[PDB]
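>>> sequence and experimental coordinates follow.
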Amino acid sequence: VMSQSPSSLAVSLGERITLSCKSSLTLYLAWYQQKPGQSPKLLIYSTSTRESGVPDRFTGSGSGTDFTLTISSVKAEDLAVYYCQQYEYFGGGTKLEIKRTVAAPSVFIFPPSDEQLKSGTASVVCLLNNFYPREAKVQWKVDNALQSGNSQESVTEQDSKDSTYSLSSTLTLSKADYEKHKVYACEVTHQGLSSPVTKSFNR
Amino acid sequence: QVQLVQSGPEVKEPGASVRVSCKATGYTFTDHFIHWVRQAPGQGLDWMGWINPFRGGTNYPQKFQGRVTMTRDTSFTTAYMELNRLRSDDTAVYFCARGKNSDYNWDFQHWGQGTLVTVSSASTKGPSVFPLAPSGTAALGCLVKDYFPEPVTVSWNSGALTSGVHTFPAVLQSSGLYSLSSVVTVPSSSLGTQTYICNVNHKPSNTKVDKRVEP
């Protein structure tokens, strides 16, 4: 098994970044760069050789079972996942993301539409818009009863412009179960908030 | 140029088989091994084995040995990867790959575009589209609920509204159907006057829906 640490890393444009890969030997190393929806692209092979057209701000090094990929000055087009590879084995990868200032979620709640209720289902959407960093906690409360197991979350990739993330949480009930209660609330916890934010409505 | 072009997306039930094809052009086909690498959703790269098109000889990793079968058709310059007795965590994008040089097999300079294989017993179903109505910036959206398989596409106002749009990755529900939200933030003063319509395409079902989103 090969390993890369850390799994993700917040970087600032222009700074010097070092990505690490740990191998094991019982029988040299390549690096790939992958952006969303594309196939990986070979960057380094033979531990240190640059693939044709790779900028020389990328350097591969390696000693024993320890390999590094250094970017002397990270550029916007370097934001991607990097994988190391040795024969049949791949590291788990390291995603680069842009470090920016903390940004609190802007939180919005959406009751179920009448059109959905008419179909027999009720989904309540809690939208957490344009926050940073990615880590945030959504907690649904129904008539002040904390919920668990009846919601799912989805997060966008970092935005290209403002480097924020957005997150949706969707609480999904039956219509009969939704109609049994009054107060629907989503509570949001995040680093840019001094105390948790709650968005609620009475159906 | 070396070009590897793969077949289109597949949907298979658990226990079935899928066969993915990789057409290789722009070089002497029998001079290089063809590899197969897969990547489950949000996961890393996983090498599945290689074939030597010269006489069809193969090697597979232990994690797949009895389950994957690679073949080639030299006259059609195409490698094939068949994965049998499919399970849900075989859901993944499958790549064929080719090394930089006959010397070193493992420098994967060339990659196919990838083939998405979805393993599920769910049945093809178009989405229902419900409005996320807005309540000096407002949020509105569309809930694209209960569809199979991926993907759907969403635009707003026929592609004219793009700023502030967030279309989320779909979530897999316990039912085996997918569900997705798309939201957009707009000036609240535009709420009464400017119309906001989400356009949802689900081609596997030939579903096209427009939903006007009103206060």
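That came through, no problem. Numbers count the residues shown, from 1 in each chain, chains lettered A, B, ... in the order given.
>>> domain assignment for chain B?
As assigned by automatic domain parsing, chain B contains the domains B:3-119, B:128-212.
>>> redo the ones you listed as TSV? Include mean neighbour count and distance to residue A:182.
No exception for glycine: its C-beta is placed from N, CA and C like everyone else's. Shown next, in TSV, are these (neighbours: other CB atoms under 10 Å in any protein chain shown; distance: least, CB to CB, whole Å):
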stretch	mean neighbour count	distance to residue A:182
domain B:3-119	18	37
domain B:128-212	18	18
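>>> any chance of these in CSV, plus distance to residue A:33?
Output for the domains of chain B, formatted as CSV (distance: least, CB to CB, whole Å):
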stretch, distance to residue A:33
domain B:3-119, 12
domain B:128-212, 22
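>>> which one of these lies nearest to residue A:199?
domain B:128-212 (9.5 Å; CB to CB).
>>> let me know the helix or strand that the spatially most central residue of chain B is in.
In chain B, the centroid-proximal residue (CA atoms, centre = their mean) is residue B:116; its distance is 3.9 Å. Element membership of residue B:116, judged by DSSP states H and E, is strand B:115-119.
>>> which residues does that strand contact?
For strand B:115-119, contacts defined as CB atoms under 8 Å, 6 or more residues apart in numbering or on different chains pick out B:6-14, B:18, B:20, B:83, B:86-95, B:149-150.
>>> swap in stretch B:44-57?
Stretch B:44-57 is contacted from outside by A:32, A:40, A:83, A:85, A:88-93, B:29-30, B:32-40, B:58-61, B:64, B:68, B:70-72, B:74, B:79, B:81, B:83, B:92, B:94, B:105, using CB under 8 Å, 6+ apart.
>>> quote the end-to-end distance of it.
Stretch B:44-57 has an end-to-end distance of 27 Å (CA to CA, to the nearest Å).
>>> ok so, going back, run me through the strand neighbours of the strand holding residue B:116, direction for each.
strand B:10-12 (parallel), strand B:92-99 (antiparallel) (DSSP bridges).
>>> for the last one, output the C-alpha coordinates as CSV.
Meaning strand B:92-99. C-alpha atoms of strand B:92-99 as CSV (Å, rounded to 0.1, in the frame of the first residue of the first chain):
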residue,chain,number,x,y,z
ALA,B,92,-17.3,3.8,-11.0
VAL,B,93,-15.7,5.5,-13.9
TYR,B,94,-13.5,3.0,-15.8
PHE,B,95,-10.5,4.2,-17.7
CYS,B,96,-8.3,2.4,-20.2
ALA,B,97,-4.7,3.7,-20.2
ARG,B,98,-1.5,3.2,-22.2
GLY,B,99,2.1,3.7,-21.1
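>>> which helix or strand lies directly C-terminal to it?
Reading on from strand B:92-99 to the C-terminus, the next helix or strand found by DSSP H and E is strand B:108-111.
>>> export stretch B:117-136 to CSV, keeping only CA atoms.
Extracted in CSV, the C-alpha atoms of stretch B:117-136 (Å, rounded to 0.1, in the frame of the first residue of the first chain):
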residue,chain,number,x,y,z
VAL,B,117,-20.9,2.1,-15.1
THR,B,118,-23.8,2.2,-12.6
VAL,B,119,-24.6,-0.9,-10.7
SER,B,120,-28.2,-0.8,-9.4
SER,B,121,-31.4,-2.8,-9.6
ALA,B,122,-33.3,0.5,-9.8
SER,B,123,-35.3,1.1,-12.9
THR,B,124,-34.9,4.1,-15.3
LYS,B,125,-37.2,6.9,-14.1
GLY,B,126,-37.4,10.5,-15.0
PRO,B,127,-37.3,13.1,-12.3
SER,B,128,-40.1,15.2,-10.8
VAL,B,129,-39.3,18.8,-10.5
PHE,B,130,-40.6,20.9,-7.7
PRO,B,131,-40.1,24.6,-7.1
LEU,B,132,-38.0,26.0,-4.2
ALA,B,133,-39.9,29.2,-3.9
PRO,B,134,-38.2,32.4,-2.6
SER,B,135,-39.4,33.6,0.7
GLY,B,136,-32.0,42.3,-0.5
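>>> domain-wise, how is chain A divided?
Listed by automatic domain parsing, the domain ranges of chain A are A:3-98, A:106-202.
>>> once you drop chain neighbours, what's closest to the residue of chain B found nearest chain A?
In chain B, no residue comes nearer to chain A than residue B:111, which is 3.6 Å away by CB to the nearest CB. Excluding the flanking residues, the one nearest residue B:111 by CB to CB, 6 or more residues apart in numbering or on different chains is residue A:39, at 3.6 Å.
>>> now do residue A:141
residue A:185 (4.5 Å).
>>> so which residues make contact with stretch B:3-15?
Taking CB under 8 Å, 6+ apart as the rule, stretch B:3-15 contacts B:18, B:20-26, B:85-88, B:94-98, B:110-121, B:124, B:149, B:204.
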